[PDB]
Every structure is written in structure tokens, then in C-alpha cells.
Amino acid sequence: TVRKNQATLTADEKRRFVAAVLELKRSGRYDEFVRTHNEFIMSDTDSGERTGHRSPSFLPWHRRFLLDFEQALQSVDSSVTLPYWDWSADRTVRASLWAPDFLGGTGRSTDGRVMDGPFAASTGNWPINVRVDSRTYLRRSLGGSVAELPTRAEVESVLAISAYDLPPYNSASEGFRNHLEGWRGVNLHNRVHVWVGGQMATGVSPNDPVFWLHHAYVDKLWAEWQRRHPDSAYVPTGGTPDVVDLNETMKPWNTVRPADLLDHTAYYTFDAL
């Protein structure tokens, strides 16, 4: 299983990825990923139980959630793997990611509606069902709410941070995890959600297929951090109320721990690391 930079996919690989995503949507399986994600967005709190977000398990949790989604895609087409979007490099609306043969572009100005690509509401193939905003079409406003995606220099400043995470292990933390997540500092992952806009700015952000490509690159940055800091590892390592310690199991699966997900090569490799 090799996870490839989206920019490098062949036309055939793009076609197969899109078709597998559309089939998960048609069959009803896609929307339950969106629902699970929103449940954790709403339940993870700074002062209470926190598992998928704003906590050290943000990274292993999304790594397992993406593995569940990739496995679902492979159950439709076994050749498909999740690509990643390096938003530090492919940083404009003219990027091939946003072309009509891949994810389609930005939303029109009046209502945010995406008007092209395979996920445009006009196709009839991408109903927005799990939603809070009652509108049922994919929406985006690329670069609308924040002017720029993060740069390679900003990403490197975060990869340089030695500590994986720090008490109090929430949105107030110093350390790598919270700077990558983006609640403190120059802001990597949260800012990309804000930059895409539309459903990507919400708790139902997996409604946009770019969600998976964004998180596949956040996941790659975790792998890059590990190679820069082989001496540094996940924390905390036991006994922390409300936080998933290294060897504790994680909801919703309950059968996996951060420890089981630190080494991605158990599951996939990257085109380059």
C-alpha cells in the first residue's frame, strides 16, 4: 500500500479513486464516517474526555480513522490507496487537485456551491446528508476565510519541535502535536480546514473528499517528525485522566492503542519520506 502525493497521480489513478469514493457514498457507507467524525468533534473537550482531537491521540486517532476509510475504498477497488495533499507545495486554487477531473474547484460566491468536478451537487452523485447547515450541496470558498495555506518554512518550524506533546495535553499545549493540529502557533492543520471553507470548516468536514487528503498529509508530517526525532515518542505514558495514554485503547474501536499506530509501515509506506 503506497500513499502517493495527489499531484503525482496518473489520470487512471484519479479516476479509480473518485469512483471508489462515489461508490462508498452511493452505498451509504461514506456518511457514517462523517457521522463518527462529528460525534468526536462535538465530544472531545479541553477539560474532559478527549480522544480524536485537541489531545495527544489526535494523530493516532486520525491515522486509524484514515486506515478504516482506506480499507473501505480497497473493498470497492483494491488498487486504490489514499493520496495526500501537500498544501505547503500545492497552495493555490489553480492546483491540479482542484481541477474538474479530480476534486473540482472552489464554490461560487453567492452560496459557496461547488459547480464542477465529480462531487458537484449537480451531478446527483454527492448528496450532503450528515449536516448541521441544512443545505445539501458541497460548498467551498478556497482562500475565503484565511488568506494563505501554511508554507514549507512554517511546516519545518513545527517539525523541529522535540516534544511530542506536553501537559495539559489539550488545545493549550506547547509541543509538536498541538502546533501541527494548530490551536497554538503559526497553525497548520486547523488553518487548512478554514482555508477550504464550506463543510471543511465544520464538524462534518469529511463531507468534502479533500478531508482525507488533508489528513493523509498531516499523517505524513507525523511520520516526518518521527524521523527527525527518533529519540522522542508519544506522551503521556500512563495514568492520565481523560487522555489516551500510549498503551490505552481508543474509542470508538476500543481494540487499538496509540502504541499500535506509531509505526505506519505496518500498514502503508509513502512515495517518499
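Position 1 is the first residue in the sequence shown; the rest follow in order.
Q: Comparing 44 to 52 with 214 to 222, which stretch shows the greater average C-alpha B-factor in the deposited entry?
A: Mean C-alpha B-factor is greater for 44 to 52.
Q: Would you determine, from the values in the PDB entry, which of 260 to 268 and 5 to 13 has the greater average C-alpha temperature factor?
A: That would be 260 to 268.
Q: Quick one: which of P118, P167, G105, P83 has the biggest Cα B-factor according to the entry?
A: Checking the PDB record, the top C-alpha B-factor among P118, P167, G105, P83 is at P167.
Q: From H62, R35, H229, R26, pick the one with the largest CA B-factor in the entry?
A: Going by the entry's C-alpha B-factors, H229 comes out highest.
Q: By the record's CA B-factor, is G238 among the lowest, middle or highest third of residues in the chain?
A: Highest third.
Q: Sorting the chain's CA B-factors, does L138 end up in the lowest, middle or highest third?
A: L138: CA B-factor falls in the lowest third of its chain.
Q: Compare the C-alpha B factor of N129 with those of the other modelled residues in its chain, then answer lowest, middle or highest third.
A: Lowest third.
Q: Based on the entry's values, in what third of the chain does the Cα temperature factor of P100 lie: lowest, middle or highest?
A: It falls in the middle third of the chain.
Q: When the deposited Cα B-factors of this chain's modelled residues are ordered and cut into thirds, is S88 in the lowest, the middle or the highest one?
A: It falls in the top third of the chain.
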